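Have a look at the structure below before the remarks.
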Amino acid sequence: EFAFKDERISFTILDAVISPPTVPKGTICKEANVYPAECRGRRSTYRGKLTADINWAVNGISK
Amino acid sequence: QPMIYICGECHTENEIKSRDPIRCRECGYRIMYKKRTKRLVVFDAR
Ligand SMILES: [Zn+2]
């Protein structure tokens, strides 16, 4: 909870999940998953998307 | 002929010219090996 011009913006993260590693969206591909043996040979990171549900609310009402 | 390349997972002989996106033209897997052709290399048996 912090202060705007005499309102009170309130955030909270309700839930956060990590997806298993896929290709980026828009990629024309057949097997959408990414396996570790690709990421060793191409020298990239084996990484999964993190995303959460933030709950913005001004002056106490969940909006 | 153009230089044959081989995909890592579905094994299709893709002929990558120098001006295209590199990808396999069946599945789309990005790591692509290179095909060994006929040429003479001399190794000693020692
Ligand atoms: Zn392929």
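All chain B residue numbers match Swiss-Prot; in order, they span 13-58.
According to its header, this structure was worked out by electron microscopy, 3.1 Å.
Each Cβ is built from the backbone N, Cα and C atoms, and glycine gets one as well.
Listed in Swiss-Prot for this protein:
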- B:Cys19, B:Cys22, B:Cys36, B:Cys39: Zn(2+) binding site (BINDING)
- B:19-39: zinc finger (ZN_FING)
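Taking Cβ pairs closer than 8 Å, the zinc finger (B:19-39) reaches residues 13, 45, 47 in its own chain, all 6 or more past its ends. Residues from the set of binding-site residues B:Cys19, B:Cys36, B:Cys39 situated with their C-beta under 8 Å of a chain A C-beta: B:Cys39. In the structure shown, the C-beta of B:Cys36 has more C-beta neighbours within 10 angstroms than that of any other entry among the binding-site residues B:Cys19, B:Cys22, B:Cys36, B:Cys39.
Within the zinc finger (B:19-39), the DSSP-based counts of helix, strand and coil residues read 0 helix, 4 strand, 17 coil.
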